[PDB]
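Participant: Fold the following, please.
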Amino acid sequence: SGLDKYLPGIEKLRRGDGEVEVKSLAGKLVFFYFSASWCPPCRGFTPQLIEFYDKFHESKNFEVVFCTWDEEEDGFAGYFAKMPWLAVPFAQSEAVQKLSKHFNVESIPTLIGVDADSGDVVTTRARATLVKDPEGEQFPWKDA
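Facilitator: Numbers count the residues shown, from 1 in each chain. You can find the structure just below:
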């Protein structure tokens with residue numbers, strides 16, 4: 001319920017070649033992952049995040065939602081195809097742009113974790129902290 005303030009009225013997220021309901025994320029920690037297929041520094045970070053997600057998304061009870069900065073649907077789609085998690089649909093790119101300004105994402109990649117039930121912000125720096133802590137000993141890298 002807490003995700004509605006960030007993705008107002010978006011009831012479904014993409015998953016693989018289908019969709020899942022946002023209410024299914026109840027109780028999880030949710031990371032918004034801002035990236036794009038055209039961004040040079042994003043390229044090598046995405047696989048490090050896929051490795052952490054495959055290891056820990058169930059045991060550490062979190063989900064990743066890709067919030068694209070791709071403005072071409074094919075670029076978006078080919079990139080999301082390599083990811084194992086969820087995405088805001090391409091047609092809802094206005095909501096991703098609004099979300100990126102809400103969190104003042106000045107460059108990508110950027111990974112922001114919020115609690116799904118309350119919407120509370122947990123971490124704004126997980127792209128940096130995961131590179132330093134690949135086993136998540138300090139997850140979820142709470143902001144001071």
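
Participant: after the longest helix seen in the chain comes which helix or strand?
Facilitator: In terms of residue count, the longest helix belonging to the chain (DSSP state H) is helix 40-56. Using DSSP states H and E, the helix or strand that follows helix 40-56 in sequence is strand 62-68.

Participant: Mind giving me the packing neighbours of the helix or strand following that next one?
Facilitator: As assigned by DSSP H and E, the chain's next helix or strand after strand 62-68 is helix 73-81. Applying 3 or more Cβ pairs under 8 Å, 6 or more residues apart in numbering; DSSP states H and E, one finds that helix 73-81 contacts strand 62-68. The way it works is simple: take the backbone N, C-alpha and C, and place the C-beta from them, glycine included.

Participant: how far does the strand it packs on sit from the chain's center?
Facilitator: 2 Å (Cα atoms, centre = their mean, to the nearest Å).

Participant: buried stuff in the longest helix of the chain?
Facilitator: 42, 45, 46, 49, 52, 53 (16 or more other Cβ atoms under 10 Å).

Participant: Then stretch 20-32?
Facilitator: By 16+ other Cβ under 10 Å, the buried positions in stretch 20-32 come out as 22, 25, 28, 29, 30, 31, 32.
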